[PDB]
Amino acid sequence: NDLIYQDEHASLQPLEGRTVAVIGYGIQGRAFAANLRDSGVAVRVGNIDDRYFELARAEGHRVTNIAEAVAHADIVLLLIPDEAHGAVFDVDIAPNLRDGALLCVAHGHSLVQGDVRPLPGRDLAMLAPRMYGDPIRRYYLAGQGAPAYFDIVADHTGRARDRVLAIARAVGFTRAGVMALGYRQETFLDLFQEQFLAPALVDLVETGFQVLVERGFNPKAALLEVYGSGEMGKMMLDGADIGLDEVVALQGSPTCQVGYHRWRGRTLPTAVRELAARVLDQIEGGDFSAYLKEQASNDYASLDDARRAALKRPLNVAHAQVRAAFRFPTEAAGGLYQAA
Amino acid sequence: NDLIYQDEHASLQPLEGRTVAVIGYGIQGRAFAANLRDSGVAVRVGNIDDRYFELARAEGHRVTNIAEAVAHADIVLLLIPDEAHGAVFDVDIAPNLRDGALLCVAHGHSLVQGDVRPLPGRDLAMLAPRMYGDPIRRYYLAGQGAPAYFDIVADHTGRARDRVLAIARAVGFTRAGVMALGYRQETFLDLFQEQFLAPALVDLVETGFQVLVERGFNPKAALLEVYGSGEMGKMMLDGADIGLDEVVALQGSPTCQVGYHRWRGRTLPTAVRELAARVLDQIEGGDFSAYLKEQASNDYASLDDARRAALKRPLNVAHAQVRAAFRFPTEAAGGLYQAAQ
Ligand SMILES: NC(=O)c1ccc[n+]([C@@H]2O[C@H](COP(=O)([O-])OP(=O)(O)OC[C@H]3O[C@@H](n4cnc5c(N)ncnc54)[C@H](O)[C@@H]3O)[C@@H](O)[C@H]2O)c1
Ligand SMILES: NC(=O)c1ccc[n+]([C@@H]2O[C@H](COP(=O)([O-])OP(=O)(O)OC[C@H]3O[C@@H](n4cnc5c(N)ncnc54)[C@H](O)[C@@H]3O)[C@@H](O)[C@H]2O)c1
Ligand SMILES: CC(C)N(O)[C@@H](O)C(=O)O
Ligand SMILES: CC(C)N(O)[C@@H](O)C(=O)O
Ligand SMILES: [Mg+2]
Ligand SMILES: [Mg+2]
Ligand SMILES: [Mg+2]
Ligand SMILES: [Mg+2]
């Protein structure tokens with residue numbers, strides 16, 4: 001039966017007179033640092049010599065190299081890409097982590113691969129948010145939060161749990177709920193969402209677009225209906241709240257509801273369910289782990305090629321034309337990560 | 001080449017001294033009425049004797065039966081279920097529509113089936129929002145809007161276009177963009193989104209859940225990842241702005257981006273593409289229209305059974321357990337349709 005912490009199950013008392021080193025200032029790193037600072041937690045950023053170092057400085061943080069940040073920290077949050085954990089842990093973190101210090105990862109992958117390991121007299125934990133940085137930041141400023149999974153991997157102090165949930169409360173995850181889940185299960189779940197579900201959702205959107213265009217439909221209109229209007233995104237996000245079938249029952253015309261229920265449960269052949277199983281096998285069996293280590297060569301050169309190639313896919317060409325001709329409701333993001 | 005109207009291409013001048021009758025006060029009707037009123041447009045609500053009649057009165061509208069609303073209107077917006085258009089048009093609208101008055105539908109279906117037809121001396125148009133009511137209302141209050149398609153079917157007055165785009169501006173669609181598209185194409189596009197894409201997206205999420213749970217994954221965790229956390233919804237909504245592949249390039253860890261690009265373009269067998277074509281054939285060929293007419297029997301008895309059955313699917317059982325255990329960042333939808341500006 002599930003262990004789920006909300007605000008009444010956590011306090012910031014464990015962070016009194018303690019310094020948190022946020023290692024990295026990327027998607028997660030920047031949100032953690034901003035939210036920790038605004039919660040009145042003593043925070044510093046450890047970063048290599050790149051644009052993220054300069055960004056952290058521009059946003060008013062105390063920024064040093066990783067080793068110096070760790071040496072002056074009671075809690076260390078390793079929020080850099082997972083493939084870089086091994087080298088940074090061995091060289092920068094392990095030699096500099098004080099007696100009784102807590103190390104946290106936001107993904108179980110480095111723990112699964114043994115790249116991050118328990119150290120004598122130190123604590124090791126996972127606090128893995130179920131959301132990217134901008135929403136974590138916007139939710140936090142609105143007195144809300146995103147969910148997270150946590151796992152106490154090594155508790156040598158006997159205070160690891162209090163300190164992890166104090167970080168979770170400070171960054172706002174306990175406003176949603178922080179559930180106990182093994183780092184191994186989090187890794188496979190998380191990679192499954194990225195490798196099966198996200199690609200398949202976009203593949204299906206893209207399939208809808210290309211079929212409509214092949215059948216002589218206005219390409220701007222095709223793009224808007226399949227996602228460009230924000231309607232399908234809105235359905236899915238409202239669905240997260242009240243249920244996906246429920247959203248259609250609440251917000252769909254009777255015409256829409258009859259159409260939806262005609263094909264609901266009938267659209268996908270068994271081959272999709274089998275592909276999902278295949279993706280899980282690759283994740284659980286080390287095939288993906290090997291693939292990711294290869295792809296991280298030449299600083300993710302192959303990924304840079306894939307990102308640039310995707311921009312010329314018909315869906316993405318059609319998107320650029322639609323977004324040039326239709327204004328989308330956005331929010332000003334200027335100074336979003338500056339002190340509140 | 002596409003004809004797209006934004007604020008600078010429309011004005012409220014055509015609505016000066018004119019009354020709009022909003023027929024229905026449902027998902028679309030309530031948002032149209034709220035936004036029109038807030039934009040300074042004289043609005044009447046026409047409705048049968050049901051809860052929507054009472055809600056419209058409670059929210060401070062002038063509410064009568066449909067015939068009386070039409071009789072006292074310059075512009076009539078028929079915002080009731082599409083299968084009800086034919087009878088309401090024949091009995092309530094056609095006999096009571098003033099000379100030079102405009103009738104608007106928000107879906108091309110009744111126009112395709114011949115249930116709504118041009119009337120001598122009157123205008124007929126489609127203004128079809130690409131969004132449901134609550135977002136249309138929320139966007140409006142933020143100085144934003146949702147896109148729409150429009151079509152001028154009949155233009156006796158020679159001012160049908162001016163008046164339709166005036167409505168579109170008052171309800172906020174011109175803040176996004178209002179594109180010219182034929183009612184027939186709008187019908188087929190709209191039904192395709194509802195019958196292929198929406199079912200397929202939820203089937204995909206449900207398959208994700210089923211496979212994780214069947215292999216011993218925590219059901220709450222499985223539910224949260226496939227949509228319950230709001231992450232996939234946020235990805236698709238941010239994707240609407242900057243692009244779906246671009247959201248991953250911007251917001252995904254390198255671990256995430258390498259995983260995504262490994263299977264992107266490779267997840268679906270050819271059978272999914274073929275089913276999309278089949279759904280489009282059923283829509284274009286009259287089969288769905290016949291199915292919808294049959295389904296609208298006993299006031300949508302089958303739909304009521306399907307809605308209640310869907311509550312008992314494992315995904316929806318898991319959803320209720322997750323939502324009791326995790327607090328979701330919602331917006332107080334209470335007060336949404338209260339008078340503004
Ligand atoms: N729901 C959407 O988001 C959406 C999107 C764009 C287009 N549309 C179109 O807008 C129109 C209205 O759809 P909706 O989703 O708002 O519907 P809805 O189910 O919310 O409509 C309910 C309203 O219709 C009235 N009504 C129901 N049956 C009636 C009957 N037999 N006679 C008279 N009035 C009756 C009710 O009294 C109530 O006012 C349709 O043409 C639909 O295709 C809907
Ligand atoms: N991105 C998300 O939304 C998300 C969600 C939950 C969990 N996570 C986890 O959070 C962690 C950070 O992911 P992210 O998406 O924020 O990453 P990111 O790509 O945004 O990380 C960029 C940051 O990492 C640093 N960095 C990059 N390569 C480095 C190297 N070789 N050595 C040292 N520092 C290096 C950069 O200087 C910068 O500060 C990962 O473990 C990831 O799995 C990410
Ligand atoms: C909410 C749906 C998907 N709308 O786009 C309308 O077309 C409808 O028929 O309900
Ligand atoms: C944004 C994604 C989908 N996150 O959920 C993270 O797990 C990641 O690895 O990026
Ligand atoms: Mg991840
Ligand atoms: Mg994730
Ligand atoms: Mg529709
Ligand atoms: Mg629609």
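Excluded from the calculations below are hydrogen atoms, water molecules and symmetry mates; all remaining heavy atoms, backbone and side chain alike, are included. Letters go in sequence order (proteins before strands), and every chain restarts at 1. Every number for a ligand or one of its atoms is a count from 1 in the order of the listing.
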So which heavy atom in the protein is nearest [atom], and how far is it from that ligand atom?
atom: atom 10 (O) of ligand 3; answer: A:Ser253 N, 2.8 Å
atom: atom 6 (C) of ligand 3; answer: B:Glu194 OE2, 3.3 Å
atom: atom 3 (C) of ligand 3; answer: B:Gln193 OE1, 3.4 Å

> Nearest heavy-atom pair of A:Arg130 and B:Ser229: which atoms, and what distance?
Replying inline: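 In this case the closest contact between A:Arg130 and B:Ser229 is O-OG, 3.4 Å.
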> Any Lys/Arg nitrogen of A:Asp281 or A:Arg278 sitting under 4.0 Å from an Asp/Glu carboxylate oxygen of the other?
Replying inline: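 So A:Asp281 does not pair with A:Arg278 through a salt bridge.
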>> At less than 4.0 angstrom from any non-hydrogen atom of A:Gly252, what atoms of ligand 3 do you find?
In response: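 Listed by number with element, the hits are 10 (O).
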> Which atoms of ligand 3 have any heavy atom of A:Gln251 under 4.0 Å away?
Replying inline: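 In order of numbering, the contacting atoms are 1 (C).
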>> Are there over 12 heavy-atom neighbours, none belonging to B:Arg262, within less than 6.0 Å of that residue's CZ?
In response: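 More than 12 heavy atoms, drawn from other residues, nucleotides or ligands, come within 6.0 Å of this atom.
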Would you please indicate yes or no on a ring centroid separation below 6.0 angstrom for [Y] and [X]?
X: B:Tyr25; Y: B:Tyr337; result: no
X: B:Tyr5; Y: B:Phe150; result: yes
X: B:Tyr183; Y: B:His109; result: no
X: B:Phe217; Y: B:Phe209; result: no

If we set the cut-off at 4.0 Å for heavy atoms, which region of [X] has an atom near ligand 3: side chain, backbone, both, or neither?
X: A:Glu231; answer: side chain
X: A:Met235; answer: neither
X: B:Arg130; answer: neither
X: B:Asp190; answer: side chain

> B:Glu194 and A:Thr255: side-chain donor and acceptor closer than 3.5 Å?
Replying inline: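 No - no donor-acceptor pair under 3.5 Å links their side chains.
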> Can an N, O or S atom be found in A:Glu225 less than 2.8 Å away from the Mg ion (ligand 8)?
Replying inline: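 For A:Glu225, the answer is no, given that no N, O or S atom comes within less than 2.8 Å of the Mg ion (ligand 8).
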> Which of the N/O/S atoms in A:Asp190 sits closest to the Mg ion (ligand 5)?
Replying inline: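 So the atom name we want here is OD2.
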>> As a test of reading the structure, name the N/O/S atom of A:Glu194 that is nearest the Mg ion (ligand 5).
In response: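 The nearest such atom is OE2.
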>> I'd like to check whether B:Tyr132 has a polar contact with ligand 3, where a contact means an N/O of the residue lying under 3.5 Å from an N/O of the ligand.
In response: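 For ligand 3, there is no N or O atom that lies under 3.5 Å from one belonging to B:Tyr132.
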> Any idea how B:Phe192 and B:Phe196 line up, ring-wise: parallel (<30°), tilted (30 to 60°), or perpendicular (>60°)?
Replying inline: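 Plane angle under 30°, so parallel.
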